[PDB]
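Below is one structure, written out as structure tokens; comments come after it.
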Protein chains: 2
Amino acid sequence: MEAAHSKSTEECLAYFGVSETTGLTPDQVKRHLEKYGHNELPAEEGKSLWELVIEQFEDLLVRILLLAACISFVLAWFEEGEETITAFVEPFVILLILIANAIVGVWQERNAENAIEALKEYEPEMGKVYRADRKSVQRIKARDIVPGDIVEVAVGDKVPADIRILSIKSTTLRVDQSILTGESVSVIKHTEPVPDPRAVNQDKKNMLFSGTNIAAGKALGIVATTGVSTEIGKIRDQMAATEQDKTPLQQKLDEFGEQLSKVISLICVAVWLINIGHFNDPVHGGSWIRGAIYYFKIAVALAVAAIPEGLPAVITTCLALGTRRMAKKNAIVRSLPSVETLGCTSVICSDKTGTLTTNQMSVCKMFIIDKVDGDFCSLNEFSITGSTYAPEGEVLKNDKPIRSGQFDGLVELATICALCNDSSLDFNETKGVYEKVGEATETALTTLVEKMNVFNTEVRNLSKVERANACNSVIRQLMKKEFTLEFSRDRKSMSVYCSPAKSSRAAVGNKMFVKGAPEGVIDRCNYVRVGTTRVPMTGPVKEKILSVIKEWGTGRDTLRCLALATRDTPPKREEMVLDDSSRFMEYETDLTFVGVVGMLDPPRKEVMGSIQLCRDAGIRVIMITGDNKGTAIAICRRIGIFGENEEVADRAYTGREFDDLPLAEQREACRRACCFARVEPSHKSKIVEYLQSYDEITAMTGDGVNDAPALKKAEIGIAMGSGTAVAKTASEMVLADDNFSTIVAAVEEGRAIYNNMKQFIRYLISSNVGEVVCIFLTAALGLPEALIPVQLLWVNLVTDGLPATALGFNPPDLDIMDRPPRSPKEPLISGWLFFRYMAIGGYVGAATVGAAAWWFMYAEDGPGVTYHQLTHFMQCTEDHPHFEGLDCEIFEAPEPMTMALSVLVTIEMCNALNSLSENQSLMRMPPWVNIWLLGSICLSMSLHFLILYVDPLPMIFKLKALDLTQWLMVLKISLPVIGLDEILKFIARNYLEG
Amino acid sequence: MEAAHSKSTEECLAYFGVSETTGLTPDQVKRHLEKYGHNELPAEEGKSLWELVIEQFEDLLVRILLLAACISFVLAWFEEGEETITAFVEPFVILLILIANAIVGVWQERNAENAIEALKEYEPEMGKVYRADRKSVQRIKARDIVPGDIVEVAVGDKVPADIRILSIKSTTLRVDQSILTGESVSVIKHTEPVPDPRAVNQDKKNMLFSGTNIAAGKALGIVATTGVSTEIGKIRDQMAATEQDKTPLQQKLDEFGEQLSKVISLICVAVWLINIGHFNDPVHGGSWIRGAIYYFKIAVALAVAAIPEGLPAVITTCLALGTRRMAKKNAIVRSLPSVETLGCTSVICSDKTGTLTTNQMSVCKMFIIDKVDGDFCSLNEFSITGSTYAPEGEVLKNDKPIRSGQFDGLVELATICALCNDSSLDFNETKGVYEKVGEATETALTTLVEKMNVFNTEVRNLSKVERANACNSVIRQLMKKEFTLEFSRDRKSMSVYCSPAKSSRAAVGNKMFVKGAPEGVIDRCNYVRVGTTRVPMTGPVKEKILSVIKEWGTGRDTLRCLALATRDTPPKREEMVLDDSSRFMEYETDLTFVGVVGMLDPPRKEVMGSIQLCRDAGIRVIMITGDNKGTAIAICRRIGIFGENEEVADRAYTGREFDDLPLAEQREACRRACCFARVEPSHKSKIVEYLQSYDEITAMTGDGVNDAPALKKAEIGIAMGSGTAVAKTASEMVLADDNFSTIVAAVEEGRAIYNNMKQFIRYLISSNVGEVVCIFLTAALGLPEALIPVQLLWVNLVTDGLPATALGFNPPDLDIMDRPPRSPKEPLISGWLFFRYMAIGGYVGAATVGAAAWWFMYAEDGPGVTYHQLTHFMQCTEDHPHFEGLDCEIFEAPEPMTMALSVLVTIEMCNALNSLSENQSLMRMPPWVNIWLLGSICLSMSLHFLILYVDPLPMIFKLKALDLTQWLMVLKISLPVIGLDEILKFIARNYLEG
Ligand SMILES: [Ca+2]
Ligand SMILES: [Ca+2]
Ligand SMILES: [Ca+2]
Ligand SMILES: [Ca+2]
Ligand code: NA
Ligand code: NA
């Protein structure tokens with residue numbers, strides 16, 4: 001259904017044979033999902049610069065190599081000597097091991113795409129539509145919204161698909177189409193036919209357009225077009241394929257991959273040029289062409305092993321999987337590139353109400369006069385858990401929960417905080433939260449009595465709809481409120497003339513319960529209560545209570561202390577004036593003290609951790625608050641941003657003081673601020689700009705229309721769930737919680753994937769470094785080349801493949817969020833790490849030929865033992881009076897080859913353990929942190945073992961099984977990759993950081 | 001232990017710490033078997049001329065082909081188009097299907113060597129040696145006789161290993177060393193030290209030498225040397241490796257294999273030259289080098305399939321396995337080449353006593369006067385089964401067995417043939433046969449009474465040692481022999497004065513039982529017996545009995561008729577002269593008739609079949625007999641060599657009449673003779689020579705010393721078991737039975753393997769013929785080449801491999817021994833068969849592209865249907881207004897390729913059924929004759945099916961699964977290989993033979 005604008009509210013609906021007040025059937029939803037695809041853009045090709053120069057380069061290596069194996073193969077049939085078996089075997093295995101690589105490489109890749117599919121269950125839904133399944137509007141992915149369904153559209157919403165305006169439901173229907181038509185003034189629409197078919201978006205003021213914003217109103221409609229069929233999609237088609245927007249890492253990796261097109265080809269082509277003096281040896285029949293083919297294999301097969309492969313897909317597995325865990329704890333990050341920015345964001349300019357604080361008012365502590373003797377008193381405090389109007393909370397004592405019932409005062413305390421309350425609690429069947437029924441400061445008195453559950457009403461098996469008011473609606477049936485003296489500036493307090501419920505007696509148990517502010521009330525409290533008795537309010541006692549009330553408003557808490565009181569013997573109502581607020585000061589004097597609570601707007605759950613944890617990781621946090629300069633600061637000292645005692649009157653800000661200062665002060669002050677109180681709605685952008693002009697990376701949260709401007713500008717703009725969709729469009733991350741903490745749970749994750757990437761390669765590079773110098777070293781001095789092409793391929797399958805895959809399945813390093821951030825322009829390899837790269841290589845390659853040389857040279861319980869010169873070994877037949885009871889041929893045997901190639905594989909395995917944590921010890925991050933690695937190891941052990949102790953199998957790779965006595969030398973020479981690397985950690989972690 | 005001649009009977013034995021009267025231990029027998037190998041020559045290399053030019057030629061084809069697949073493979077990475085999958089797959093499969101050939105080829109070969117091992121259980125043993133296991137001499141293979149054991153050595157024996165003469169056991173010890181030292185006079189040895197170490201065989205007249213003959217005597221000794229350590233072995237070392245003695249077939253096969261180095265390379269190199277106009281087509285990207293590589297694969301991969309492979313080992317499996325069955329029924333043929341001569345031997349100059357006849361005398365029929373009325377009589381005959389002195393025989397009546405007891409006459413008949421008998425039967429515990437105890441003509445009277453078992457003694461559970469004389473030793477206790485009138489020329493008869501055993505009465509039951517020749521006795525028979533009574537011997541009755549006696553000596557039987565008689569009332573012994581032979585004619589007159597038997601020297605078991613069966617197969621048989629001219633002929637008319645009535649007095653021979661005739665008569669007469677009576681011991685050679693000068697192939701049997709000269713000269717000299725080892729050396733086949741029949745059971749087998757060889761290839765050639773023209777035909781006319789290299793390899797694995805293997809596991813054709821012999825110079829392929837070769841090919845190749853062409857052309861229930869021109873198909877894009885609703889690309893689809901290649905495989909399978917019998921119909925030799933073929937078929941069906949209906953698998957070979965409707969067309973086009981070939985049989989079998 002195209003251009004449904006030419007068509008009115010009847011000819012439209014009937015197109016898909018469907019009535020607005022019903023929608024489309026599930027079978028139909030299928031067909032349109034099948035015939036029009038999804039409501040999204042096409043799949044862009046992720047062909048990297050590494051994929052061209054490295055991945056496929058290998059895919060040439062493996063083939064020309066093989067080609068060569070069939071060159072020499074073919075000439076074998078023309079050899080006059082002995083009909084061989086092992087040479088004949090080679091090309092078979094050549095092919096049969098390279099296929100094993102494909103059993104690995106493609107499998108890693110499939111898990112990659114499986115992981116991306118996994119994410120497709122968390123991708124944020126912002127599209128309310130009417131369907132046939134439910135008799136009510138349903139949530140659904142924007143892409144998944146087929147063209148035909150009655151898309152619902154409200155204040156601030158983002159229109160996912162091209163909707164023909166069917167029925168206008170608000171009084172007006174305007175649409176901010178600044179994204180396309182272009183104007184910061186929205187436009188009035190209507191629901192009628194636009195007869196002329198050829199026109200511009202402007203003149204179609206009877207339809208929503210996919211990607212436009214809702215400035216105001218609410219309507220309904222029908223989807224004309226989706227995906228590429230979209231109007232903006234036809235414009236966005238230009239930006240789709242033709243582009244050049246690689247991220248910084250995506251420029252490193254490949255400048256890091258293309259430099260290896262130099263290294264690899266260079267070194268290995270040189271591994272040919274170095275063996276020029278071995279192109280007419282008798283091992284190759286003294287043939288000047290049959291040799292050069294073989295030393296074509298040595299270089300190339302060493303290359304294959306040298307080339308790190310599987311990276312493109314591994315970072316997919318890593319990145320994606322990390323975005324899964326980000327998504328799981330409500331860090332909703334769409335664009336995967338957003339992690340690379342998410343992980344270096346060193347600043348978090350976030351919001352307060354709903355993000356740093358729960359909004360929901362909550363009573364902290366509250367106390368009763370515990371003992372009164374000698375005009376002196378001890379107080380009885382009771383902290384309440386939780387922070388919400390949901391009664392999900394429990395009273396305390398010294399951080400030890402106890403039943404308020406055990407204290408008679410609290411049983412009066414709640415009676416005042418349940419009766420003396422012109423407000424209530426409610427549960428929401430549609431939403432599922434507890435929302436206040438009145439004013440929050442008074443809602444907190446509903447909250448509290450419920451939590452305490454003084455008289456212990458049975459609520460464990462009582463309904464949500466009864467729980468929100470379980471205790472209160474019991475307290476209410478024990479007493480009566482006869483008339484309320486409303487809260488009065490005069491006395492900074494309220495009161496209620498109560499009385500015993502279900503009564504027969506007239507003036508026998510009426511209790512004028514007061515409530516409100518400290519002094520105002522305490523100045524009218526002449527008696528003190530203890531348990532169920534009374535005693536004259538004393539000097540030092542008064543001063544104890546009021547000093548402790550001074551305490552909470554003094555301390556970092558800053559709990560709004562609210563005194564509560566009782567008049568014992570109330571006066572006659574007939575006598576009492578009922579209609580003049582100023583009479584109440586005579587009607588509220590001479591009270592009996594009961595208690596004084598401390599209540600506040602608490603912080604959001606697990607922020608108090610997510611505030612210190614980030615300061616450690618080199619993150620500069622800022623609140624964008626609405627409270628006044630003073631009171632905003634009190635909230636930022638309540639949490640942790642400011643400390644109890646630490647002068648900061650240079651750092652707090654309000655709009656007055658912000659537009660005053662000269663441009664530079666507005667910049668200079670901004671690189672050192674924490675709190676933006678009463679901040680005008682345009683300030684947010686100017687801040688960002690300034691913060692950015694300090695190379696600092698922003699993390700703005702948002703919600704109401706006028707946040708997009710900042711969010712779009714910042715690097716990771718965030719949005720609120722209850723915040724509109726205009727903002728979830730302009731953002732990079734959507735806090736599906738609203739919380740500051742969930743942003744942290746995101747930066748901390750997005751960082752983790754960065755540390756796993758820097759290891760997955762650290763293993764490959766360092767390990768494969770040694771492998772090539774493992775031919776240089778021996779070829780330099782004269783030592784034998786204790787390898788053959790297949791053995792060089794063997795090292796590639798064993799080491800580069802599966803343990804590599806397990807390095808991308810790693811937990812978080814201990815020091816995930818203590819270390820400073822990466823400034824995005826800092827390269828992929830650092831000097832000390834670059835040494836650490838070649839250092840680790842230096843050794844794992846030196847151990848390899850070592851183990852081979854140890855056999856010929858200083859052998860234990862073995863044949864030969866020639867500790868003297870092994871360099872000019874090719875002159876052994878020239879001068880034979882040097883050896884002592886051993887043939888010159890001995891060095892062509894598979895015994896040393898076994899050892900070294902066994903040490904080559906053995907040592908790179910524990911090199912992954914090293915690579916488990918970039919900086920934390922094997923004691924600190926043991927091998928069992930990663931079970932997926934400890935599996936990868938044993939596997940290859942089975943495999944590598946398997947090709948030693950299966951008759952024909954070793955014969956294939958030219959090896960020999962080893963006695964117990966010999967597999968011990970493997971440990972003494974392989975373990976040192978632990979001690980070696982572990983020493984590296986000690987230098988970086990202590991001297992280079994910390 | 002070398003040169004044990006320098007050492008006497010003490011210093012010798014002690015060498016191996018062993019005492020002559022004990023020998024060597026089983027553990028020692030191990031060690032010497034291990035340290036000195038076997039007592040035989042080395043293993044000669046069977047490297048054929050086909051192995052050089054065909055087997056290994058293929059082993060080059062498969063490699064340069066593969067090489068090519070990695071040439072084009074490598075350039076794929078440099079192709080600008082689309083990243084393919086199926087081309088990338090190819091080289092993998094290339095290697096992976098050629099390996100499948102090796103799963104076949106080598107497996108056929110292993111069964112080959114397993115079969116040869118199987119024969120090593122039947123190889124004839126001629127070496128009696130003293131060992132520790134048994135306290136007596138043991139039989140053992142000559143090769144298996146280690147050096148050390150006390151080798152026993154008798155009259156005529158062949159000394160297997162170098163024996164030091166320890167203890168001379170005969171009165172003299174001579175040794176015929178004509179084979180080495182050289183002299184037809186043997187040499188006296190002794191048992192003492194030959195002090196001078198350097199000397200010639202002659203001067204060591206104290207030792208046996210391996211390969212020399214025993215002229216006379218018997219001794220014992222100790223083995224100095226074995227195998228190459230032998231003296232003749234050191235001389236035979238010259239004849240071992242360096243030689244040139246290929247058999248006629250072995251010259252055909254390879255002149256037949258090297259001609260295919262022309263055919264194969266030629267045709268297939270031409271299959272490249274014909275596609276020169278396809279080296280710049282868009283299918284190959286218009287590239288002038290990328291194409292030529294592919295049409296290198298078409299030719300070569302067609303070659304591979306063309307080359308018949310597995311033949312060298314199959315003929316091993318066939319030949320060997322046939323030699324197994326030859327060995328099983330006692331045709332002991334050593335040299336495997338001896339079959340190739342065994343199968344064309346069209347003459348069988350064999351022996352009589354022990355070979356054509358059982359030697360053992362045997363009574364045929366025998367009769368009683370059944371009725372006597374009116375001077376006339378009817379006779380009651382009783383044929384006896386078997387032919388041996390072993391009582392393994394049963395009486396008959398009209399070829400219906402009945403108990404002689406039911407006839408009273410026979411109960412007297414045996415009484416005369418048990419009592420009147422100066423001879424007996426015996427069993428041999430050491431040998432296990434029944435050997436006579438007296439003269440055979442009289443032994444037959446022991447034999448007979450036992451067989452009859454008249455009075456029915458319980459013998460079913462009586463010992464062998466009691467059975468040989470079970471009845472007789474019962475008859476003997478019913479009567480008494482008082483004195484024997486010995487057999488007398490006078491009366492041509494013997495008699496015994498009997499009497500009732502355990503008697504008290506004197507002249508009351510004495511019975512003078514006579515025995516002997518017809519007339520002599522019957523002329524003294526005045527009474528006749530019937531049942532238990534008497535009646536005067538009559539004229540016509542007498543003449544009935546004597547005419548019937550005239551009958552058996554007249555008929556081809558020629559049974560020595562021997563009349564038996566009884567004197568009822570004997571005269572007084574006191575009166576009777578006891579000491580004058582001439583008195584017995586008065587003492588034997590007036591007898592009572594009882595019966596007259598017919599007895600003879602019967603033929604050997606299953607000769608009467610093996611005489612007619614061979615005359616059919618074009619075999620000219622001759623007896624070398626000792627009987628006189630007349631009586632020798634009677635034996636050769638008794639069997640079948642001569643017919644009842646057929647004048648042959650021109651064809652029978654005796655030595656008198658043989659050395660008389662002039663050389664040419666001795667030649668001219670010899671190409672037409674059957675019986676050589678009283679033949680001087682040198683005649684045998686002169687015969688051979690003459691028979692050979694008629695291009696005829698001899699099959700001389702032998703036994704006594706002076707047979708080797710003939711046997712060595714003849715083509716398949718044979719030997720007797722009981723015949724000495726001098727003869728088992730000079731022979732080519734050893735009759736482990738002695739029988740003429742077992743020679744037949746050998747020629748008939750040795751022939752069978754010849755017919756199986758001529759089919760195993762008939763399948764390959766004919767089938768693979770069509771395959772190559774299957775590219776010529778279509779390339780000639782312009783049709784598409786409905787194949788690709790892998791498909792050409794597929795045909796080679798499916799068809800050439802396993803069904804081929806099953807063609808060598810075939811039963812005997814109905815017409816195994818009716819058809820004439822192959823004269824050894826007649827080639828491997830005959831004109832009509834050569835047509836039949838290309839005829840069958842002509843069609844099985846024409847069916848293949850047919851089925852492909854039927855798809856494009858005249859299709860049923862299929863897409864396309866272009867019955868018009870398909871030749872200039874490459875001009876379809878040039879001129880596109882010709883097609884009707886189909887793309888020009890349609891012809892590159894896998895649909896026709898599937899069909900044809902499916903017909904290519906389908907039709908060659910039933911081509912093996914054809915090949916089951918060279919000339920006998922599917923009705924005559926149904927497919928279920930060979931279960932090993934009917935297995936081979938289903939297998940490949942599973943395989944071929946499997947690569948159509950397994951998603952990726954067909955995609956690999958570029959094929960498509962077929963609907964039921966389509967696998968029906970396969971039958972209608974494949975079955976005709978039956979009807980086609982079956983018509984060939986009808987022409988050859990009837991018009992060209994029969
Ligand atoms: Ca690699
Ligand atoms: Ca590696
Ligand atoms: Ca073949
Ligand atoms: Ca074939
Ligand atoms: Na942004
Ligand atoms: Na011979």
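For all residues, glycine too, the Cβ spot is worked out from N, Cα and C.
Database features (Swiss-Prot):
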BINDING   A:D351, A:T353, A:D703  Mg(2+) binding site
BINDING   A:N768, A:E771, A:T799, A:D800, A:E908  Ca(2+) 2 binding site
DISULFID  A:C876-A:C888  disulfide bond
MOD_RES   A:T441  phosphothreonine
MOD_RES   A:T569  phosphothreonine
REGION    A:788-808  region 'Interaction with PLN'
REGION    A:932-943  region 'Interaction with PLN'
TOPO_DOM  A:1-48  topological domain 'Cytoplasmic'
TOPO_DOM  A:70-89  topological domain 'Lumenal'
TOPO_DOM  A:111-253  topological domain 'Cytoplasmic'
TOPO_DOM  A:274-295  topological domain 'Lumenal'
TOPO_DOM  A:314-757  topological domain 'Cytoplasmic'
TOPO_DOM  A:778-787  topological domain 'Lumenal'
TOPO_DOM  A:809-828  topological domain 'Cytoplasmic'
TOPO_DOM  A:852-897  topological domain 'Lumenal'
TOPO_DOM  A:918-930  topological domain 'Cytoplasmic'
TOPO_DOM  A:950-964  topological domain 'Lumenal'
TRANSMEM  A:49-69  transmembrane segment
TRANSMEM  A:90-110  transmembrane segment
TRANSMEM  A:254-273  transmembrane segment
TRANSMEM  A:296-313  transmembrane segment
TRANSMEM  A:758-777  transmembrane segment
TRANSMEM  A:788-808  transmembrane segment
TRANSMEM  A:829-851  transmembrane segment
TRANSMEM  A:898-917  transmembrane segment
TRANSMEM  A:931-949  transmembrane segment
TRANSMEM  A:965-985  transmembrane segment
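Known features from Swiss-Prot, placed on the structure.
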| residue | record | DSSP (3 states) |
| --- | --- | --- |
| A:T441 | phosphothreonine | helix |
| A:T569 | phosphothreonine | coil |
| A:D703 | Mg(2+) binding site | coil |
| A:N768 | Ca(2+) 2 binding site | helix |
| A:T799 | Ca(2+) 2 binding site | helix |
| A:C876 | disulfide bond | coil |
| A:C888 | disulfide bond | helix |
| A:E908 | Ca(2+) 2 binding site | helix |
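When Cβ distances are compared across the two stretches, the transmembrane segment (A:49-69) makes contact with the transmembrane segment (A:296-313), since 3 or more pairs at least 6 residues apart fall below 8 angstroms. Within 8 Å of the centroid of the Cβ atoms of A:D351, A:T353, A:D703, where the record puts Mg(2+), the same chain has further Cβ atoms from A:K352, A:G354, A:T355, A:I624, A:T701, A:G702, A:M720, A:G723, A:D738. Shown are the binding-site residues A:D703, A:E908; of these, the residue with the fewest other Cβ atoms within 10 Å is A:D703. For the transmembrane segment (A:90-110), same-chain residues at least 6 beyond its ends with a Cβ under 8 Å from one of its own Cβ atoms are 62, 65-66, 69-70, 73, 309-310, 313-314, 316-317, 789-790, 793-794, 796-797, 801-802, 805, 956-957. The two recorded residues, A:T799 (Ca(2+) 2 binding site) and A:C876 (disulfide bond), show a Cα separation of 36 Å. Taking a Cβ distance under 6 Å to any atom of ligand 2 as the criterion, the recorded positions A:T353, A:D703, A:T799, A:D800, A:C876 reduce to A:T799, A:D800. Neighbouring residues of the recorded Ca(2+) 2 site, listed in sequence order and excluding A:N768, A:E771, A:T799, A:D800, A:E908, comprise A:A305, A:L764, A:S767, A:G770, A:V795, A:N796, A:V798, A:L904 (Cβ within 8 Å of the Cβ centroid). Within the same chain, residues 68, 71-72, 75, 79, 776, 779, 789, 874, 892 sit at least 6 positions outside the topological domain 'Lumenal' (A:274-295) and bring their C-beta atoms closer than 8 Å to a C-beta of that stretch. All protein chains shown were included, and the count of other CB atoms within 10 Å of the CB of A:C876 (disulfide bond) stands at 17. Across the region 'Interaction with PLN' (A:932-943), DSSP helix (H, G, I), strand (E, B) and coil residues number 12 helix, 0 strand, 0 coil. With a cut-off of under 6 Å between the Cβ and any atom of ligand 1, the recorded positions A:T799, A:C888, A:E908 reduce to an empty set.
Every protein chain considered, the tally of other Cβ atoms within 10 Å of the Cβ of A:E771 (Ca(2+) 2 binding site) stands at 23. Against the transmembrane segment (A:254-273), the recorded stretches A:758-777, A:898-917, A:931-949, A:965-985 differ in Cβ pairs under 8 Å, and the greatest number is found for A:758-777. Of A:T441, A:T569, A:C876, A:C888, all annotated as recorded positions, the residue with the shortest Cα distance to A:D800 (Ca(2+) 2 binding site) is A:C888. A:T353 (Mg(2+) binding site) sits 58 Å from A:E771 (Ca(2+) 2 binding site), counting Cα to Cα. The Cα of A:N768 (Ca(2+) 2 binding site) lies closest to that of A:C876, out of the recorded positions A:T441, A:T569, A:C876.
Of all the recorded positions listed (A:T441, A:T799), A:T799 sits in the most crowded Cβ setting, with the most other Cβ atoms within 10 Å. Stretch with the largest number of CB pairs closer than 8 A to the transmembrane segment (A:965-985), among A:758-777, A:898-917, A:931-949: A:898-917. With every protein chain in view, the residue among the binding-site residues A:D351, A:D800 whose Cβ has the most Cβ partners within 10 Å turns out to be A:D800.
Listed by sequence, the residues of this chain that lie at least six past the ends of the topological domain 'Lumenal' (A:950-964) yet keep a Cβ under 8 A from its Cβ atoms are 86, 89, 93, 788, 790-791, 794, 893-895, 897-899, 901-902, 970.
Within 10 Å of its Cβ, the residue among the recorded positions A:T353, A:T569, A:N768 with the fewest other Cβ atoms is A:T569.
Per-class residue totals from DSSP over the topological domain 'Lumenal' (A:778-787), listed helix then strand then coil: 4 helix, 0 strand, 6 coil.
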